[PDB]
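Below: one structure, written as structure tokens.
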Amino acid sequence: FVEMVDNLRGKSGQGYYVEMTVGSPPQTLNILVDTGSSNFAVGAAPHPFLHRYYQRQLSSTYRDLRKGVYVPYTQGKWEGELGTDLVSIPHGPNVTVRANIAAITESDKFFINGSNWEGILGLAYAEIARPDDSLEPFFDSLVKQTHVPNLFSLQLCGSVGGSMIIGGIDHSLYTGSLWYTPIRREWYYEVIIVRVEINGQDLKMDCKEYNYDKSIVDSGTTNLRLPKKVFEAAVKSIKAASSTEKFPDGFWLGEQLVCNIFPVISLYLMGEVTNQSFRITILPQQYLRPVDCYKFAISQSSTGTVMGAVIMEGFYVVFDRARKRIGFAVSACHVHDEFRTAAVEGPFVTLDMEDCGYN
Ligand SMILES: Cc1noc(C)c1[C@@H]1C[C@@](C)(c2cc(-c3cncnc3)c(F)cc2F)N=C(N)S1
């Protein structure tokens with residue numbers, strides 16, 4: 001998997017993209033790697049922000065599905081025309097598959113002005129695919145049509161770079177051992193957090209709060225998002241541990257910027273074995289992001305916990321779809337200092353972990 005190493009590029013806060021080819025002859029596009037969605041959607045019209053776009057008229061292998069798709073998000077929206085075409089990943093496996101492609105024809109607050117990507121690769125499951133679950137996601141098409149193993153792994157390094165290893169794991173990308181947490185349900189990459197520690201101090205909350213209404217691993221989100229009740233308890237603990245310096249209330253709410261004092265954040269995840277868990281620890285270097293101007297990258301959420309780039313940049317993350325599990329290991333590229341480092345530690349004894357999941 002040497003040729004797949006360093007195949008990700010991007011800019012801080014703008015996500016991580018991979019080079020892909022679409023159609024025949026192949027059209028080169030930069031595509032956002034997103035484990036928090038399930039559609040392969042690409043710009044297909046000359047939007048001013050786009051360096052390039054999918055030109056269906058130039059592709060002999062393009063097939064029209066004669067169906068539209070409208071996708072509104074919490075913020076922003078895109079509308080596309082559905083079809084299929086031959087797709088390949090130059091710095092991935094040496095294969096070409098026929099995959100569903102949403103040709104984006106209209107959008108608002110979707111593409112980022114100044115970004116170098118013009119499409120999105122939804123790596124999650126068909127359950128959250130749009131318009132419905134009958135539209136096969138790219139990775140499902142990839143596994144069905146080739147002998148590529150049903151697994152991919154991500155090393156996101158905090159302009160920015162990283163690696164997407166398709167069909168396997170590269171052991172040079174991590175130190176120590178991988179620790180696996182079960183995928184609760186195949187829609188998002190849903191996991192269960194069982195305990196949260198701020199500087200080794202437990203929040204003492206009902207663990208069901210940590211996963212209300214869900215907890216997901218999402219490469220297409222910058223922040224570590226937490227449920228409001230968990231967020232206000234977490235922020236209060238972070239306020240106390242950094243009592244040396246005083247910061248405005250707007251800073252903690254992500255309404256303003258700030259220009260050893262900050263605590264580590266540990267998330268205990270459900271293990272592979274009954275009553276067994278493991279913990280992942282992130283540093284201030286992960287949740288205090290440069291914009292020296294810094295933005296507090298922990299925010300309140302209405303859709304549950306989102307383990308975004310804040311979490312993922314500290315670790316090598318294995319999306320083991322074949323075994324319905326997600327592996328975490330200390331990243332060989334994560335940003336740290338001489339006193340503290342990101343950690344993956346286990347095993348720990350945690351009881352009533354099934355009560356933490358919301359139904
Ligand atoms: C769900 C959801 N609900 O409200 C919003 C906003 C979303 C996002 C949808 C999506 C598709 C998305 C992400 C980014 C991005 C931004 N910054 C760094 N990386 C990716 C973007 F620019 C545009 C996007 F459409 N990917 C996600 N995981 S979250």
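The chains in the structure tokens are called A, B, ... from first to last as shown; in each chain the residues are counted from 1, and the ligands are counted from 1 in the order shown.
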(request) Determine, counting only C-alpha atoms, which protein, DNA and RNA residues have an atom within 7 Å of an atom of range 346-357 of chain A; residues of the same chain fewer than 3 positions away are not included. Present the result as a ChimeraX atom specification. (result) /A:192,194,207-208,211,270,275-279
Would you mind exporting the chosen residues as a CSV table (one decimal), in the first residue's frame, restricted to C-alpha atoms?
```csv
chain,number,residue,atom,x,y,z
A,192,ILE,CA,-20.8,4.3,21.6
A,194,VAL,CA,-19.1,5.0,27.6
A,207,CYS,CA,-23.4,7.7,29.6
A,208,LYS,CA,-26.6,7.7,27.5
A,211,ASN,CA,-24.6,9.3,22.7
A,270,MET,CA,-17.1,0.4,23.8
A,275,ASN,CA,-17.6,-5.2,30.0
A,276,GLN,CA,-14.3,-4.2,28.2
A,277,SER,CA,-13.5,-0.7,26.9
A,278,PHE,CA,-10.6,1.4,25.7
A,279,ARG,CA,-9.8,5.1,25.8
```
(message) For the alpha helix (DSSP H) assignment from backbone DSSP, which residues of range 258-309 of chain A qualify? Please present them as a ChimeraX atom specification.
(response) /A:284-287,309
Deliver the residues from the most recent selection as a file, using N, CA and C atoms, as a PDB file, in the first residue's frame.
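As written to disk, result08.pdb reads:
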```pdb
ATOM      1  N   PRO A 284      -4.799  19.652  23.510  1.00  0.00           N
ATOM      2  CA  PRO A 284      -5.217  20.997  23.095  1.00  0.00           C
ATOM      3  C   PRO A 284      -4.853  21.315  21.643  1.00  0.00           C
ATOM      4  N   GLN A 285      -3.741  20.754  21.170  1.00  0.00           N
ATOM      5  CA  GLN A 285      -3.294  20.916  19.783  1.00  0.00           C
ATOM      6  C   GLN A 285      -4.319  20.401  18.771  1.00  0.00           C
ATOM      7  N   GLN A 286      -5.248  19.570  19.242  1.00  0.00           N
ATOM      8  CA  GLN A 286      -6.316  19.038  18.403  1.00  0.00           C
ATOM      9  C   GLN A 286      -7.587  19.893  18.427  1.00  0.00           C
ATOM     10  N   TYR A 287      -8.016  20.320  19.616  1.00  0.00           N
ATOM     11  CA  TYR A 287      -9.267  21.084  19.736  1.00  0.00           C
ATOM     12  C   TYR A 287      -9.108  22.609  19.735  1.00  0.00           C
ATOM     13  N   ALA A 309     -12.551  15.951  12.589  1.00  0.00           N
ATOM     14  CA  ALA A 309     -11.110  16.085  12.369  1.00  0.00           C
ATOM     15  C   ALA A 309     -10.325  16.335  13.659  1.00  0.00           C
TER      16      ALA A 309
END
```
(request) Could the residues that lie within 6 Å of ligand 1, counting only C-alpha atoms and all ligand atoms, be listed as a list in words? (result) residues 13, 14, 15, 34, 36, 37, 73, 74, 75, 110, 111, 112, 218, 220, 221 and 222 of chain A
(request) Have a look at A:132, A:125, A:44, A:32 and name the one nearest to residue 69 in chain A; count only C-alpha atoms. (result) A:132
(message) Residues of range 8-257 of chain A classed as strand (DSSP E) by DSSP on the backbone are to be reported as JSON, numbers by chain.
(response) {"A": [8, 9, 10, 16, 17, 18, 19, 20, 21, 22, 27, 28, 29, 30, 31, 32, 33, 34, 40, 41, 42, 43, 63, 64, 65, 66, 67, 68, 69, 70, 71, 72, 77, 78, 79, 80, 81, 82, 83, 84, 85, 86, 87, 88, 96, 97, 98, 99, 100, 101, 102, 103, 104, 105, 106, 107, 108, 119, 120, 121, 122, 152, 153, 154, 155, 156, 157, 160, 161, 162, 163, 164, 165, 166, 174, 175, 176, 177, 178, 179, 180, 181, 182, 190, 191, 193, 194, 195, 196, 197, 198, 201, 202, 215, 216, 217, 224, 225, 226, 227]}
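Checking A:163, A:39, A:88, A:302 one by one against residue 146 in chain A, counting only C-alpha atoms, you find the shortest gap at A:88.
Comparing A:282, A:95, A:318, A:329 by their smallest distance to residue 168 in chain A, the closest is A:318 (using only C-alpha atoms).
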(message) Quick one: residues within 10 Å of residue 244 in chain A, only C-alpha atoms, excluding same-chain residues fewer than 4 positions away - as a PyMOL selection string?
(response) chain A and resi 239-240+261-262
Resulting file, chosen residues, N, CA, C and O atoms, as a PDB file, in the first residue's frame:
```pdb
ATOM      1  N   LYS A 239     -13.184  24.950  31.663  1.00  0.00           N
ATOM      2  CA  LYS A 239     -13.092  26.272  32.292  1.00  0.00           C
ATOM      3  C   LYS A 239     -12.320  26.209  33.611  1.00  0.00           C
ATOM      4  O   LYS A 239     -11.495  27.080  33.896  1.00  0.00           O
ATOM      5  N   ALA A 240     -12.596  25.171  34.399  1.00  0.00           N
ATOM      6  CA  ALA A 240     -11.979  24.987  35.714  1.00  0.00           C
ATOM      7  C   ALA A 240     -10.496  24.619  35.634  1.00  0.00           C
ATOM      8  O   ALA A 240      -9.688  25.114  36.420  1.00  0.00           O
ATOM      9  N   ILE A 261      -1.834  24.839  30.112  1.00  0.00           N
ATOM     10  CA  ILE A 261      -3.029  25.391  30.753  1.00  0.00           C
ATOM     11  C   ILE A 261      -4.310  24.653  30.364  1.00  0.00           C
ATOM     12  O   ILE A 261      -5.245  24.557  31.163  1.00  0.00           O
ATOM     13  N   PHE A 262      -4.347  24.138  29.136  1.00  0.00           N
ATOM     14  CA  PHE A 262      -5.511  23.412  28.632  1.00  0.00           C
ATOM     15  C   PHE A 262      -5.403  21.907  28.906  1.00  0.00           C
ATOM     16  O   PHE A 262      -4.314  21.335  28.811  1.00  0.00           O
TER      17      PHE A 262
END
```
Can you list every residue of range 18-48 of chain A that has an atom at most 12 Å from range 151-161 of chain A, with its nearest atom pair and the distance in Å to one decimal, using only C-alpha atoms, ordered by chain then number, as CSV?
```
residue,atom,partner,partner_atom,distance
A:18,CA,A:161,CA,10.1
A:33,CA,A:154,CA,9.4
A:34,CA,A:154,CA,10.6
A:35,CA,A:154,CA,9.9
```
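For the residues A:300, A:12, A:172, A:107, ranking by smallest atom-to-atom distance to residue 316 in chain A using only C-alpha atoms places A:172 first.
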